[PDB]
Amino acid sequence: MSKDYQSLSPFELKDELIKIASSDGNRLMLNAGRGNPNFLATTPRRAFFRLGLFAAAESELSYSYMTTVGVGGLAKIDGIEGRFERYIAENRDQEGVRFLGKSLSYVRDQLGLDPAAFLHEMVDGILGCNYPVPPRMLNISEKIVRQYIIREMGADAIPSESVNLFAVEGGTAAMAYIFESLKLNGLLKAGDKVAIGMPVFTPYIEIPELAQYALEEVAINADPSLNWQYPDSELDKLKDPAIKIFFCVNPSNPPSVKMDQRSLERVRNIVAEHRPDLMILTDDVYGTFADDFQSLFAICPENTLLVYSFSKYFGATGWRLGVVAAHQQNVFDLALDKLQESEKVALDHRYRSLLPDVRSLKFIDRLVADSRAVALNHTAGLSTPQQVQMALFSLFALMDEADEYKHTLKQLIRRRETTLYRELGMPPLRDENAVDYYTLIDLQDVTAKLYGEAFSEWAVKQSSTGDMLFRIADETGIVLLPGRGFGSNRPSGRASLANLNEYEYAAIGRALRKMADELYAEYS
Amino acid sequence: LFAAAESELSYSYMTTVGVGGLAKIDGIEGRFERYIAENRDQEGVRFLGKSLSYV
Amino acid sequence: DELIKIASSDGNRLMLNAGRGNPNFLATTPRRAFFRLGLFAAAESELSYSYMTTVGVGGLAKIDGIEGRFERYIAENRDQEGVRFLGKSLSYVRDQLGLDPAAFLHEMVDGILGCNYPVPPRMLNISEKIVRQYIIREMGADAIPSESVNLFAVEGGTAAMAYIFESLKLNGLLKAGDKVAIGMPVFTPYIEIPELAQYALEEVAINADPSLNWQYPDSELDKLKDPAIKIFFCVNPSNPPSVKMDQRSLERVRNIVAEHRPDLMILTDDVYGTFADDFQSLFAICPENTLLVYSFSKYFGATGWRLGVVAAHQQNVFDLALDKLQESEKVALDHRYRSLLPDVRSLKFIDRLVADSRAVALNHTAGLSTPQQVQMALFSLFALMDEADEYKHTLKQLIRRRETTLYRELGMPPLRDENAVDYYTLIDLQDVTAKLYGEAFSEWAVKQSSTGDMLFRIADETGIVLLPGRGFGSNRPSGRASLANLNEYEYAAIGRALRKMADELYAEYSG
Amino acid sequence: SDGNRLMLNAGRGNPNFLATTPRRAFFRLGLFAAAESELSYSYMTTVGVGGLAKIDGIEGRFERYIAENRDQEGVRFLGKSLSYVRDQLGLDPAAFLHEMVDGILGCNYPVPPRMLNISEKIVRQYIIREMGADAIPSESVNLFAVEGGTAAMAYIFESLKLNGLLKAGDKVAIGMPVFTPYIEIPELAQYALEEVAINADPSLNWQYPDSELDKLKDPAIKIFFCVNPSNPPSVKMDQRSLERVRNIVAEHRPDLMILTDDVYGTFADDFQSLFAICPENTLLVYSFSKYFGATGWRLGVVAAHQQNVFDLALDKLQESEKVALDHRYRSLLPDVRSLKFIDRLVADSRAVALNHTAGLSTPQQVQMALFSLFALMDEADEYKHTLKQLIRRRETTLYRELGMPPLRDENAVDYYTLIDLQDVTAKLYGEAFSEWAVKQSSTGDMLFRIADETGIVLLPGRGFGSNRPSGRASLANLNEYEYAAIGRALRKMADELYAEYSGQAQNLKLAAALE
Ligand SMILES: *Cc1c(COP(=O)(O)O)cnc(C)c1O
Ligand SMILES: *Cc1c(COP(=O)(O)O)cnc(C)c1O
Ligand SMILES: *Cc1c(COP(=O)(O)O)cnc(C)c1O
Ligand SMILES: [Cl-]
Ligand SMILES: [Cl-]
Ligand SMILES: [Cl-]
Ligand SMILES: [Cl-]
């Protein structure tokens, strides 16, 4: 397939290169531009499996008949704290159990929630024996996860009670649901313009283009000379009232830098002074990998729909865990109040089965209903075991006051960067906005640092992206994404610093150094 | 629980937080067989062992 | 001399006889890992012995199926620290270095049993790959392709220097009368060796300047431009001053080699590097001109293990110098190494170190014992796997705590800068007296005492012998302590003794 | 193959057996030591950092470790070790335990450098017993621990040169045949010594004839260099030979230096070293490699008697030579004329100035002391008998189809065995055939046939001067089916030589019946 990559003829060369890839991880980058982590948070997963064993015993205590097979009943909330405290006490030597005991203290003692309700939500939830209720998100899991979201998005000033979440099957489901609900509710109409922060991976460029949404894309271009920050002139394009929504991945993918303070402030001022109606849709999956991250959701909560995925930070791509966050008073609901009477009446009919007064149905709840064709709203929602795992990842981050996990992953990314660039003039100079979950390996910069500016200009002209990607693939079996495009004046390639082990980054550096040495030998 | 151990066998660095790597397919039958042999008294484990035979 | 007499102890004797402070701390996790690995290996060996007997006899461990058996041992012992470390080690080698896991485990098991001669003799295959990653990292030599670094495992830096001077002489790279520039001050043994009649080298001092916090001035380093100086011999971080060469200094040498002395040999002893902040070796700066000697002794608390390596870049000035010898010298060398290989002119200097270490003919049974190479690899893994440098911070904080305890009654520790290492610390009478009672008093006090009075007195009240101050000359009463070999109350006792002496000096002076 | 290459490159067979009890005792001692270190570390920390073990109270703590681990083989051995050192050698038990604990942690430089104090006393008891040197008071023997016999020979030749005991052109008598490395070292240009062969006689079963030993009476021969038991022949010098050397030293050459390598002594029956016969004239080199299957550990010792011919020769150097040595060794002590040769070996091994940090690593010395204790405490020699029976089992397997093993006498060692075609064919088909087969065949065809069918390369039989097709194998480095394959290949070859001899004979008869 290779959609992201493609986005003796030159075409067939590209096809041959794609065929070299041999791992699911390499193919995921070529097809969809995502780096699947090869690390994962184990403590909250062990806590999840240990909670399940406790829950299985709680279920068997509720089965009343002598049975030859394993059948259980529903766990009881009465007496649950004491039974859970016995389980904790009998298993102090099991890491997952110790984590569960601390998480109960955090929720009961720091969040101030009902301990038996928490334990029962977690036990019944991990048994997966009841439909999610309410469908938008389990009650205590929502309060736990939103504390995590607010902290990592740098949105401390927003009172936590003003934030609501819809738990979904990763950012992948969130985007599918959000675009469908914006169309269904007349918030995005045929011909409307969608401003997109670019560069961005292909799936997000593609969604608005679907014929089912007659949308026009307007590029808000990141500037390489500014280390991929969006210049004020680009951000100012958001002033055109024709742009109904600003769609952004922050930290970005592929550049992998977070928006700096100047950029965030610019957007905040454009919104307060010129576009109080602007809808913002931001995907902040990489936030925790940045230093002192602050989301567009923290800056303009009333105008932003935040999409947060747990996939990359917790190494949970296969768990499909995400949330859509909205402030209680937002521009989407303001926009719904402004629809023409004809659209409002059609929506009264569409959601009539949900509640008496549809005009009072908030957009975040329309997302839930639309995700399952409305009529099935009562059985909608993310599975309860998924919500439980999501809550345990959240508690793991929240209870780690010194951010040990976050520091561990950031040092791992830097260690890999050093290994990759060792033989290429060392890692590129970083700054406070660098995230580097993805890295751009530029031929001009590498050859310059190694043999000087003059050799480098002769080198890029002598070479090509295709040449570079082929030499690396042929020697290591790893196919990098084209950094700029096969026709570029500056041959470059991109790799994720999350999906390979050190000797593979070393091999890539060695293949590239070798190519640089042979070019210089010729230039000698 | 077996998979968490498999993931931790793939983590290369010293750390005080629990971090694991991707589980390896090489030698997996042997490690699974050891897990099964050591936990013959746990109901879930006997079931996993028979599942392998069925498949 | 008189000091050892009034204060007898192995620690004191070592300080005066060898100018070294033996660490009183040691890395234990990789040691427990070594002993646990040994228990696994003993069981592997016993199961390879085919006959029944009550006697403890074992056979050779088998490589086939070794990973599965090792994984069972790890899974069965999650509660033994040494075993968990071994489990992480397997992943680091398999997953981060990308080396064959069965080969790594068999090299470690076979190696700890010590049942086979080291092969190749220069260094076991996988231990070399593991240890060079550790060397490259701590020497701050990241820009050097690691496949270009080769190592010869030796019985500590002590064996390294002996091997190196003998091989440089035997191969005509350092002839009697050649000038050797030495970074001074340096401890006595390095002053003495080049001057043995056996080598008869002429020493040229590159003097560290106390007024620059013991860095070498550009004027001193420029002496290297003199072509008669064939080699620059340096301990960095230095012993006794204990500071690392600053950026200005390393760049000065790099320019000299690049612009004036492409042929200069460099021999650097960087055993204290890990105790410095952001250390960078001359090997990282001039890899093709430098023979690096690295000892595991001080950092790991492993003086008794005798673990060291000699590192060389695959393309280096020593082999260029071998290529530039006169043909008649080459012919003599062909006859010397004839038994080793058909084409002696292709024999690299690092492989000559190995052969010369055991009189050439015994080359195939030369090299560091295999259990020593296994322990060296485990110390190296322990540092590589410690991404946050926790062990390093712990030792640095321990050094600082001792320094604070030592100087508490002496005006506090001397102002530290980015190049400070302080494995050895200078206690200067004038400086201490100045901080306590004023420069006026310190100029007087200094004429009232002397290095000998100071040392004899401290040794008599505390049982501790300091190294006499070296580097200024003699003009200044002063002594050096190691912050690595004593416990807190002993540093407190030294400070107490010096303060009392300062207080008596002041009592007089005041009246 | 590495084992095959070792035989070809170094002329030695690496054992495939090893002493495990003393190794388990070493790893268990280490775990005890690690906990001792951790208890001397005073600060809370996340990483494993330890302090130095304390001697105060060490016996009680060690006794608790022993009592709590009665089920671990290594631990029982350790407990008996303490009794042996304390109750039989009469040494300080706390000092012994602290030397072993601090030693195995490898946290202090070896002191004194020549050898740890207690390890030296323990190892010399073992050396004296296995070398058959009991008549020598053990206090009269000093040892220098080194990195195997390999390091010993390098240090010894270098020290003999540096101190002027052997000068260019001096003659060195060498017991032959001997393996290659020892013929090559004396001829290096850096030594330039003249070699004089002392040839073992195959008709004397590889013993040195008196006429050969008598070559030592030549005053120009400064040293006799011998490997005993020998390699490659693998026989120990008999009583007659030892006595001949003893009489020559006593009557004609009181000044003769003897350098003997006795690594194979424990494989011989009732071994006696030249060191036991002429202690004052001999430097003994003993390696632990072969007997304990410890080639990778590199454990060796150089042994010298307190009063020896080496120090006498240093006292007889020209005053000009002593003045130069006064300068070489000045940093070590004030009276260089009192520095004994065994201590110059130590200083010279590390360029003199690094003397105080010279010496074998302490964990190596601890392992060597445990191998020594294991042998000393094995009163009935069970380990030795076990190894000898394994060697004999392999020998039986090798020769089963070759007419059974050759007749062994009281001087046989057979760590290496000589497969002599003349003997094998005589045993299979008679002397007449045997006399004919020795003329038809060659060592080269023997080695090629075996290598061709089995993958195993043997060493050519050396020492004969009358074309005797033969090859040598080590009985220490292969498994039974490999020795069986070697025997099968040889039997096949003997059968083809026989069919041909038989055919020629029948033809000779038919040809005559036609005339
Ligand atoms: C990796 C990635 C995600 C995660 O999507 P999920 O469906 O939640 O796994 C989201 N957005 C971007 C830009 C990504 O690169
Ligand atoms: C302590 C130290 C060493 C270590 O020598 P080893 O033989 O390796 O124990 C080396 N050089 C210097 C300058 C040191 O002070
Ligand atoms: C096997 C062997 C040795 C052992 O040498 P090390 O260096 O001690 O391993 C010594 N001498 C001879 C003749 C040998 O055959
Ligand atoms: Cl657990
Ligand atoms: Cl179960
Ligand atoms: Cl342990
Ligand atoms: Cl044991």
Side-chain angles (χ1 to χ4, degrees), chain A residues 40-63 67 69-77 79-104 106-107 115-133 138 140-141 144-145 167 310 314-316 318-321 381-396 399, chain B residues 1-8 18 20 23 32 35-36 38-51:
Chain A
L40 58 84
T42 52
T43 298
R45 285 171 157 84
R46 281 178 164 285
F48 178 89
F49 301 129
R50 290 300 176 181
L51 171 58
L53 292 173
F54 174 65
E58 282 289 286
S59 175
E60 297 163 337
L61 284 184
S62 286
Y63 196 63
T67 182
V69 277
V71 192
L74 300 179
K76 307 305 190 224
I77 182 170
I80 199 173
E81 296 163 85
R83 293 196 297 280
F84 179 78
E85 278 147 6
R86 179 213 73 82
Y87 179 72
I88 299 302
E90 310 307 331
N91 301 286
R92 300 180 198 291
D93 68 323
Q94 300 174 338
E95 167 193 343
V97 183
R98 283 198 304 278
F99 178 88
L100 287 176
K102 288 203 125 61
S103 80
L104 161 67
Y106 191 86
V107 174
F118 168 60
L119 292 181
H120 195 257
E121 180 174 299
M122 296 296 99
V123 170
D124 197 79
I126 202 179
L127 283 169
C129 59
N130 276 292
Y131 280 101
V133 56
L138 298 177
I140 293 178
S141 294
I144 289 164
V145 181
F310 289 69
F314 299 95
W319 266 107
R320 320 312 296 112
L321 304 181
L382 189 61
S383 73
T384 64
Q386 278 168 295
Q387 289 195 57
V388 168
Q389 182 62 90
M390 185 193 283
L392 292 165
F393 284 138
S394 295
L395 287 159
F396 175 64
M399 300 182 289
Chain B
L1 293 183
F2 171 65
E6 285 292 292
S7 174
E8 292 155 352
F32 179 75
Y35 180 71
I36 295 319
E38 308 299 314
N39 297 288
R40 295 196 169 85
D41 58 308
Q42 300 173 344
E43 176 188 329
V45 177
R46 296 191 287 275
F47 182 86
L48 284 172
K50 278 180 146 34
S51 287

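Chain naming here is simple, since letters A, B, ... match the order of the sequence lines and numbering starts at 1 in each. Scope of the values below: all heavy atoms of this structure, side chains included, with no hydrogens, waters or symmetry mates.
The minimum heavy-atom distance between A:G128 and A:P385, with the atom names listed, is CA-CG, 4.0 Å. The shortest heavy-atom contact between A:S62 and A:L74 is OG-O, 2.6 Å. When all heavy atoms of A:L392 and A:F99 are compared, the pair lying nearest together is O-CZ, 3.6 Å. Nearest heavy-atom pair across A:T67 and A:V69 is CG2-O, 2.9 Å.
Contact check for A:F314 versus A:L40: no side-chain heavy atoms found under the 4.5 Å cut-off. Side-chain contact between A:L382 and A:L321: present, with at least one pair of heavy atoms (C-beta onward) separated by less than 4.5 Å. The closest side-chain heavy-atom distance from A:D124 to A:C129 is below 4.5 Å. For the pair A:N130 and A:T384, the minimum side-chain heavy-atom distance is 4.5 Å or more.
A:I126 contributes atom CD1, which lies 4.0 Å from atom CG of A:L51 (distance to the nearest 0.5 angstrom). Taking CZ from A:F48 and OG1 from A:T42, the interatomic distance works out to 15.0 Å, rounded to the nearest 0.5 Å. One finds the NZ atom of A:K102 at 12.0 Å from the OG1 atom of A:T43 (value rounded to the nearest 0.5 Å). In this structure, A:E81 CD and A:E85 CD are separated by 6.0 Å, a value rounded to the nearest 0.5 Å. Atoms CZ and CD1, on A:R98 and A:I88 in that order, are 10.5 Å from each other to the nearest 0.5 Å. Atom CD of residue A:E90 and atom CZ of residue A:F54 lie 12.0 Å apart, to the nearest 0.5 angstrom.
In this structure, B:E43 places its CD atom where only 12 or fewer heavy-atom neighbours from other residues, nucleotides or ligands lie under 6.0 Å away. Residue-environment remark: OH (A:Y63) exceeds the threshold of 12 foreign heavy atoms within 6.0 Å.
Although no hydrogens or angles enter the test, the distance criterion places a donor-acceptor pair under 3.5 Å between the side chain of A:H120 and the main chain of A:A75. Between the side chain of A:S103 and the backbone N or O of A:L100, at least one donor-acceptor pair lies under 3.5 Å. Judged by distance alone, with hydrogens and angles left aside, the side-chain atoms of A:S394 form no donor-acceptor pair with the main-chain N or O of A:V145 at under 3.5 Å. Of the possible donor and acceptor atoms, none in the side chain of A:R50 sits under 3.5 Å from a partner among the backbone N and O of A:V97. Counting only distance, with no hydrogens or angles, the side chain of A:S59 and the backbone of A:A55 share no donor-acceptor pair below 3.5 Å. One N or O on the side chain of A:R45 and one on the backbone of A:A41 form a donor-acceptor pair closer than 3.5 Å.
Taking B:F2 as the reference, B:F32, B:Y35 meet the ring pair (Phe, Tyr, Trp, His ring centres under 6.0 Å) condition, with sequence neighbours excluded.
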Exercise. Between A:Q389 and A:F310, does a side chain to side chain contact (heavy atoms under 4.5 Å, CB included) hold up when you go through it step by step?
Worked result: CA-CA 10 Å; A:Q389 182 62 90; A:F310 289 69; over 6 Å; no
For this session: Mind running side chain to side chain contact (heavy atoms under 4.5 Å, CB included) on A:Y106 and A:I144 for me, showing each step along the way?
Result: CA-CA 10 Å; A:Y106 191 86; A:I144 289 164; over 6 Å; no
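A salt bridge does not link A:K76 to A:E58: none of the charged nitrogens lies less than 4.0 Å from a carboxylate oxygen. Using a 4.0 Å cut-off between a side-chain N of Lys or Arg and a carboxylate O of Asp or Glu, B:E8 and A:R46 qualify as a salt bridge.
Residue A:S141 forms a side chain to side chain donor-acceptor pair (under 3.5 Å) with just one option from A:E121, A:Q386, A:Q387, and that option is A:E121.
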